[PDB]
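In what follows, a single structure is set out as structure tokens and then discussed.
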Amino acid sequence: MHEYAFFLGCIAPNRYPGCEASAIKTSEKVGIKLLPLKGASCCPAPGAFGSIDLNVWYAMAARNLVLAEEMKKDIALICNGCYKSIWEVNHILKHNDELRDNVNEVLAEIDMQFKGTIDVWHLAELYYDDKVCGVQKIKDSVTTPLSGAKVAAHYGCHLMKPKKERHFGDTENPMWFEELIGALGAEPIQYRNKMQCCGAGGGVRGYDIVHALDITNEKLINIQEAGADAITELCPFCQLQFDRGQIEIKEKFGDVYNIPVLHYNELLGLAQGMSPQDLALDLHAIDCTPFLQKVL
Amino acid sequence: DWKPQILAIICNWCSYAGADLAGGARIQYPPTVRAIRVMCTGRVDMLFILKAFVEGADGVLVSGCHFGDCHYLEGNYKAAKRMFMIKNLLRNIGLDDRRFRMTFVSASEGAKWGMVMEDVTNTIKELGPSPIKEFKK
Amino acid sequence: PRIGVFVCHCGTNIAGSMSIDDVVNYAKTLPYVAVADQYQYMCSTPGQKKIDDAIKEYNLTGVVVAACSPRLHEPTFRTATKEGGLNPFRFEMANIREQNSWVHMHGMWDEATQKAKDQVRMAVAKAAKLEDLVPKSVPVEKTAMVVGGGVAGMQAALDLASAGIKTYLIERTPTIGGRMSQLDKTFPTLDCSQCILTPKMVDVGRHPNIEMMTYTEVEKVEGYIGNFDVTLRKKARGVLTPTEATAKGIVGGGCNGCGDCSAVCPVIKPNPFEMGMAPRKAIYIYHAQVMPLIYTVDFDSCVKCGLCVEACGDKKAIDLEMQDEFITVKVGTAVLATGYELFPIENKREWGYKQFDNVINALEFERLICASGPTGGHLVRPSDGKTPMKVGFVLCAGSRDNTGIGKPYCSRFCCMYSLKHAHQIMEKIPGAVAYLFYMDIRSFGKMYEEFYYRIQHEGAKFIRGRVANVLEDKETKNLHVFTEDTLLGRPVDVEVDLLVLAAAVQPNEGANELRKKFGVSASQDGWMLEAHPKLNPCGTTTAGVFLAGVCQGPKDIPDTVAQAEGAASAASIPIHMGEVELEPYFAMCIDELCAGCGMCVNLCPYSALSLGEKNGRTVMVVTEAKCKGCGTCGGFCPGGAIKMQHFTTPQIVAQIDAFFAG
Amino acid sequence: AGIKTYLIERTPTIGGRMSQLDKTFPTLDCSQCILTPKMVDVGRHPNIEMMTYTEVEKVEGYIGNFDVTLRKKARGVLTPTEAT
Amino acid sequence: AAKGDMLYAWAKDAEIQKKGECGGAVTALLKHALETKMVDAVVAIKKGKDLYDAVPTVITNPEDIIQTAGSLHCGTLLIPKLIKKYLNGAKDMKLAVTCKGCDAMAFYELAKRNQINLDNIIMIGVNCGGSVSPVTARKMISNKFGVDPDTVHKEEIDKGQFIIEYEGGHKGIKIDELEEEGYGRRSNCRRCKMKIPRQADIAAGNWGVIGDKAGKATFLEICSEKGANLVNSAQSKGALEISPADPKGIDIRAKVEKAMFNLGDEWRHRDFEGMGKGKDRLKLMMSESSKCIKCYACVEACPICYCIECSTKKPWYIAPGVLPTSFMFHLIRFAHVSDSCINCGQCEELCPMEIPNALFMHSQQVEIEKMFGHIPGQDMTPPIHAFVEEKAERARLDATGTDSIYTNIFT
Amino acid sequence: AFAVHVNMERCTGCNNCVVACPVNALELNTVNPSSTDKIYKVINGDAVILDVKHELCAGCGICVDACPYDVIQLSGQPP
Ligand SMILES: Cc1cc2nc3c(=O)[nH]c(=O)nc-3n(C[C@H](O)[C@H](O)[C@H](O)COP(=O)(O)OP(=O)(O)OC[C@H]3O[C@@H](n4cnc5c(N)ncnc54)[C@H](O)[C@@H]3O)c2cc1C
Ligand SMILES: Cc1cc2nc3c(=O)[nH]c(=O)nc-3n(C[C@H](O)[C@H](O)[C@H](O)COP(=O)(O)OP(=O)(O)OC[C@H]3O[C@@H](n4cnc5c(N)ncnc54)[C@H](O)[C@@H]3O)c2cc1C
Ligand SMILES: Cc1cc2nc3c(=O)[nH]c(=O)nc-3n(C[C@H](O)[C@H](O)[C@H](O)COP(=O)(O)OP(=O)(O)OC[C@H]3O[C@@H](n4cnc5c(N)ncnc54)[C@H](O)[C@@H]3O)c2cc1C
Ligand code: SF4
Ligand code: SF4
Ligand code: SF4
Ligand code: SF4
Ligand code: SF4
Ligand code: SF4
Ligand code: SF4
Ligand code: SF4
Ligand code: SF4
Ligand code: SF4
Ligand code: SF4
Ligand code: SF4
Ligand code: FES
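Keeping their order, the protein sequence lines are chains P, D, V, W, S and H.
Take the first sequence: its position 136, counted from the start at 1, is 136 in the UniProt record's numbering, and no numbers get skipped.
One gets the UniProt record's numbering by counting positions in the second sequence from 1 and adding 3 to each.
One gets the UniProt record's numbering by counting positions in the third sequence from 1 and adding 6 to each.
One gets the UniProt record's numbering by counting positions in the fourth sequence from 1 and adding 168 to each.
One gets the UniProt record's numbering by counting positions in the fifth sequence from 1 and adding 1 to each.
One gets the UniProt record's numbering by counting positions in the sixth sequence from 1 and adding 62 to each.
Written out as structure tokens, the structure reads:
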């Protein structure tokens, strides 16, 4: 049973707690142990906080990293934006000496040092790796087939891009996340421009809601045209955009889709037999009941 | 009263070309190193280096082609093995082995030749006068 | 010994960095120096006259010139030393310009003067110990080899043969012609590309002075400028030419190219000439215009069914049990003309080359548009066989790219061939529109700008924007090309029926292996390197090897042919003379110091050293022709039994001693 | 290659535009410096009849024999050979 | 009997078996080879005078090898260089040579450099726990043992102590105690670790012989097919008796060999740190080497020095008449020999000026060895500079993790 | 020489994959046993395949047909 510190940023615990609950339960069912991070905070959200000040972005991400450093554990994440912040600041401060120095003399005011001893993983990346739980182990753990459901994957942008800074391979047409959805028994479908941004990154969600919603609506149109019955995602930002933004699209525009948006951990819980009440699917703006009728 | 005496033995086909290119491009560096110009660095016998160090070279530099880029297919592998062994001998006779180094400078690296010149001069200046000159007496 | 020291000013390039007067007075007070003197331009005729007058007056044994680099002016001053009654090799330079002045210009003058005095002292010390050498002259075999049967190889072979030298033309493939045989029409003259080549192919096939050896490779090369012992692998073609059949005893003949064999062969495989678009049997020719019309058998795919031999009948041209024969050929010079291949553009995933059906590259487009190709010359969509009406051309596909996937250089001809293809589609399909997504149209050659003007006049759309990514419509299989029109200032989404990628070119497959066999180095770009990038673009640093064609860097057919004839001329220079002088830097074994240990023998890359019998003692023997003067053996030998002719240990040690003299 | 050659130049010196160039793209070599050896080779070659400051008045003939008439413009100064 | 067998061997001839130090198997094998005409001569050590004088001897009469029987512990000489100089390198005649570990290593060094013919030479190797200089042994016996040295009959190093047999009885003193007091084995013998010459054709010793044969049997290890043939021929013609060795004997032979390795390591340590470090080692080396009077005994005695004319004799390296000679003289030997020094000690012990040539050279050799991984004198592996390899050179440059040869090479 | 994969998560230790494998049954149930190596052994309650390098299986399907609650997947394609 591999053990990881569970970073747990802002949106999953405070808006979609079923995501974190299913994360812990399903990760324990497969051979992974997710340990609470002691006093972790907002990973300085890369858009809304990196746009303001890169130095304080570095300092806060480094503080989050040195918490798990003192814990002597590897970070595990469930958010693409949190992955950007944590993993990328870890990578930058493992190689840039003057930035290490600057962050260290900022952190020395709170009796705290960064040395760069741990690694950062996304939970879906762990589920895909073969040393850690693999696709076959996920298939083994699945107990409810979830058959006869068309499911559209949204990769997001901060997990895989830029490919010159990550290690997940092709960004033009990846299929790894489609294999994790196929392990659950749901057939993943392909839609036009599947690698498009959801529109919520960089603080655009806050600065220009209509612009962000138009970017989201382009995706929703493509997904409905494909014929999806739900949208899996690996990011609470993207889930919030696809969930709230459907309501804001219904009100600001006149478009109705009613497409449930679920984190992959929530689908994994559904596959492994967790209850909809135990997943808190009532906390989503868009009702999941048609999808539950199909897969149950 | 003291100026470092550094001697370089540079091959004709990459290190002499690189030094010439640095000169042509007008890259300045201090005037402390004087060169010998053999055809390949395979020509460099160990006794050349040891003779330099016993005459009183504060430093010795041997510059040649990159591995795989010798004009004579493999003559700098022989030189590299010889200079590794020379580094070992100087350490065990108690002379400071950082007085000697072997750099691989291509025909197009005039800038790198200038940087090598600067770094060799700096290192020998830190090290100081060689001890042989007073140990002889 | 009596040495003269002549210090050049180089026209203030040296006098503006040091004190030439002080250097000259120091040279006068140096030991062994008879005369020291200075001049403004020692490389000029008054400078050589000054050297010669000094030699005659002062009875000089050797000459030291404190001037520019030896790599720049050894031949000049060696010839000046010869003219004057000395050996050319009693001369030594002291580089006090490119290694003293130009690097110690600013704010440091007496330091540069001291460096110059040191360099002059070391040069005088070496020259006081130099002695007479005579360059070795070696005979040159009167044959030549041309590796590559493309336009550059064929032109070089024809040029050498018509100059009268017997020539070998080695081609790995069963036919000569190269890429130009695959081209359909040629920019900017729009001539039938294959047709222009056909007379020249016939000339090569008929020339009595050319030994055309197709379907053959170069296993190994040893030797030098004089004699290159080149071993060739005659791959098992499986079919006998009439000459070989008569030699083996079959009077009725060999292969006449009737085609019955391929009419009955049941195996069907892709044709590499047609870039895989077209079928060909196990026994086959690339196209109907191949020069040796001899019908290779593909033994990796033949099932030995024996139908081909029954079809061939009494001609008996097919030998299904043939094996790779090896031949050793002695040649005087060699010309390398290996050409190029298209860079693998499936690595650029944003342009769905392998993943979308209707995305092709420019050689596949050229085969699709040729009238002899898999189609009847009709461009049709690969996805469904329908005629396109909008065609996009992605220029710079994988080129001028610093991301590590593509090539950082320009492929030279891809702007021109994309213009040609746009013209061809707009004239062959009525109402079709060509869109060129370009980033610097490069029409630099003769009539190229006029060709560009004419294409725009016929109505190709030029959108200045590098393509960002390509999406495939799920149903119509149409391709959505996304970029920005940089001049218009807006993003665009052009939906085309067919997308053509103008991919970069790279050195052919196996070219690095062949150039390592011949001893040629590579460029920064990865192409074969030339002797001097400006004034010698054909010859290489290894003597007797010359470059021709795209193998030295991408070029159009005109530039390729000019380069090929230049290489043929350079390869003919030593063959016509019949003599060639080697540089007397050889190793010479001193036998009554050799102990016969034999340890130096393995230190020679060229195998110039061996153990032999002289006066009962086993001593080492140098093949002075094979030696190249590197000095590895002579730097090894513990007993000092190997002497390097112009860089002897006493000379080098005298230089070291003079450096430490104060 | 061994053929006797005439080199006609209208100007008093060989070299051309490259002699006027200062440095050469893309290698940034001293243009005049790289040219200096080859000029010396041309001036010393026994098989080259270097005729500077000379023009071609008329040409008649064909592939076999070209009867080319040259105008040796009045240089005003004698080479050592012509002086002797 | 076959290339790896470990045997007990003694001579059938009772007189040969008495005069052998152990069972006479080296003298029975040499006698058999000579008289059955495997070999044309035999190069062994005999006493020329008192047992402190060891004289090499080429023997062709099979009647003279009984005089060669017995081991002389004061025989500090080296045989293979004599075969190259005065027997034409055994290029035309077969020989059978009795040799210690240093003499086997020297055979292999000279055969690498093509100076002898190991196809012709047969090497019967003996175990060696150390040799004493004859004059130092005399002073040892006069002072520490309190005996007149001319009284001694035999003397041997057995169980790490120096047993002498004189008229009156026998005595014994620990060799470690003697070596602390300033006597004992030679310095290079204290540092030596070539205890069982497994590179020879046969290895004979008194280690591992236990029980009823503790002084009348030789432990034989057959180390090659040539030695197997010699042994089988001798046993069949009946000049030598063979019984398979005792497993307990093999075990304690291994243990004594391992303990000798550890002792050699300890002496290597204490000597090499006794030389100093940094500029102190340069003043030690330079002040010692300023004594050299250029007798060239070190060059003429070294097995690795095979050059017709030494570079130390060339006027551009060493000034011919300047007697307080340069440090270049010894730098030229460090450069040429230190990569393959077999620690024979001949250079140290033949120096009129008492310069620690072997100590300096071995101090350099041990870590040229741990750098390049080349053990001198074991087999036909070419010297490190006579065989340079492309892949290995890449490997040592990459291991430094650096673009040059400057640093990150040593710990 | 195929590859068998056992889903440890639902293996009950029933040992009917060990008893039913005809390569396991070679040692004790054959006259003059040829090979005595075994694919499965139930260690700590779940079936462990000792045949790591996929040399002894023969794709028989006796073990896939034997497990009561399907948990053994047989791969007929090269690993
Ligand atoms: C799509 C496209 C269109 C083009 N259109 C034009 C055009 O319209 N006009 C124009 O002027 N140029 C055009 N070009 C460029 C033109 O093709 C080249 O200038 C020309 O072909 C160079 O010929 P080459 O002989 O140097 O090389 P190649 O034609 O490639 O010939 C090399 C030959 O050597 C052989 N060979 C390779 N390696 C070995 C080996 N190891 N041993 C033996 N043989 C070997 C190959 O099989 C081949 O036969 C075009 C290029 C492309 C890609
Ligand atoms: C500003 C500039 C910079 C350049 N820089 C570079 C550079 O960095 N690198 C590079 O590679 N190229 C460069 N080039 C191009 C380069 O100059 C040419 O490629 C090259 O000079 C061509 O030489 P040529 O012998 O053909 O012509 P020219 O050099 O012009 O030589 C022609 C010669 O013929 C003589 N002549 C003319 N008419 C007659 C006649 N009727 N009878 C007798 N003699 C006659 C002329 O006097 C002249 O000596 C540059 C060009 C320019 C204009
Ligand atoms: C200096 C020395 C130290 C030794 N130390 C040990 C030890 O610690 N442990 C051990 O087990 N064995 C040691 N031996 C070997 C020991 O003597 C063997 O047990 C013995 O050689 C067995 O042979 P043997 O009695 O059967 O034949 P022997 O009849 O003894 O034959 C001995 C042979 O050795 C030759 N010989 C004698 N002196 C020398 C010499 N100085 N150099 C070379 N050859 C010589 C003789 O000529 C003869 O051919 C040592 C030998 C020597 C020479
Ligand atoms: S010889 Fe060299 S330094 Fe002297 S004038 Fe000529 S180019 Fe200048
Ligand atoms: S049938 Fe025979 S002669 Fe005719 S093409 Fe085939 S091989 Fe040649
Ligand atoms: S043997 Fe059969 S498969 Fe081969 S070429 Fe002839 S007909 Fe075709
Ligand atoms: S020739 Fe034109 S299309 Fe080809 S790489 Fe250069 S700029 Fe791009
Ligand atoms: S020249 Fe030197 S290395 Fe070569 S065989 Fe003679 S002694 Fe040995
Ligand atoms: S110098 Fe020596 S090693 Fe080099 S090519 Fe000549 S003989 Fe061979
Ligand atoms: S050096 Fe070693 S093998 Fe030679 S005598 Fe001394 S201890 Fe014995
Ligand atoms: S043996 Fe001693 S004195 Fe003689 S040359 Fe060697 S070091 Fe000098
Ligand atoms: S240097 Fe001395 S100790 Fe080393 S092998 Fe030579 S003689 Fe023996
Ligand atoms: S020191 Fe060197 S040159 Fe002198 S004999 Fe020994 S190996 Fe030969
Ligand atoms: S398939 Fe057959 S042989 Fe393979 S493990 Fe199962 S029962 Fe055994
Ligand atoms: S038969 Fe099935 S449940 Fe029983 S041990 Fe085997 S795999 Fe497990
Ligand atoms: S040519 Fe420069 S190292 Fe060999």
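Where a beta carbon is used, it is the ideal one built from N, C-alpha and C, also for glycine.
Show which residues of chain S have a CB atom less than 7 Å away from the CB atom of residue i.
i, result
"residue 608/V", "387 and 388"
How about residue i and residue j: are their beta carbons less than 8 Å apart?
i, j, result
"residue 432/V", "residue 466/V", "yes"
"residue 192/S", "residue 131/S", "no"
"residue 150/D", "residue 658/V", "Residue 150/D lies beyond the range of chain D shown here (4 to 140); nothing can be said about it."
"residue 289/V", "residue 180/V", "no"
Between the options, which has its C-alpha nearest residue i's C-alpha?
i, options, result
"residue 79/S", "51/S, 314/S, 313/S and 347/S", "347/S"
"residue 87/P", "293/P, 161/P, 35/P and 198/P", "161/P"
"residue 416/V", "237/V, 330/V, 488/V and 562/V", "562/V"
"residue 345/S", "375/S, 302/S, 197/S and 46/S", "302/S"
So which residues of chain V does residue i contact, with C-beta pairs closer than 7 Å?
i, result
"residue 77/D", "611"
When every heavy atom of ligand 10 is checked, does at least one fall within less than 7 Å of the C-beta of residue i?
i, result
"residue 187/S", "yes"
List, in order along the chain, the chain V residues whose C-beta lies closer than 9 Å to that of residue i?
i, result
"residue 214/P", "Simply none; closest approach about 15 Å."
With a threshold of 7 Å (Cβ to nearest heavy atom), would residue i be considered close to ligand 7?
i, result
"residue 446/V", "yes"
Since residue i meets chain P, which of its residues come closer than 8 Å, beta carbon to beta carbon?
i, result
"residue 67/H", "136"
"residue 215/V", "Neighbours of residue 215/V on chain P: none; closest Cβ ~54 Å, over 8 Å."
Please compile the residues from chain P whose C-beta is within a distance smaller than 7 Å of the C-beta of residue i.
i, result
"residue 71/H", "140 and 141"
Give me the chain D residues within the contact set of residue i, using Cβ-Cβ distance strictly less than 9 Å, ordered along the chain.
i, result
"residue 110/V", "31, 32, 33 and 34"
Residue i versus chain V: which residues are under 8 Å apart at the beta carbon?
i, result
"residue 205/W", "78, 79, 81 and 82"
Cβ-heavy atom distance between residue i and ligand 4 below 7 Å?
i, result
"residue 19/D", "no"
Taking residue i as the query, report the chain D residues whose CB atoms sit under 7 Å from its CB, ordered along the chain.
i, result
"residue 340/S", "88"
Any heavy atom of ligand 16 inside 7 Å of the beta-carbon of residue i?
i, result
"residue 106/D", "no"
Query raised in the report: Can you pull every residue whose C-beta falls closer than 6 Å to some heavy atom of ligand 14, listed in chain order?
Result: My final list is 66/H, 83/H, 84/H, 85/H, 101/H, 119/H, 120/H, 121/H, 122/H, 123/H, 124/H, 125/H and 136/H.
Requested in this report: Mind listing which residues have their beta carbon within less than 7 Å of any non-hydrogen atom of ligand 6? Chain order is fine.
Outcome: 267/V, 270/V, 271/V, 272/V, 273/V, 287/V, 288/V, 289/V, 303/V, 308/V, 309/V, 310/V, 311/V, 312/V, 313/V, 314/V, 315/V, 324/V and 326/V
Query - ligand 2 site residues, beta-carbon cut 6 Å against heavy atoms - result: 176/W, 177/W, 178/W, 179/W, 184/W, 185/W, 186/W, 189/W, 192/W, 193/W and 223/W
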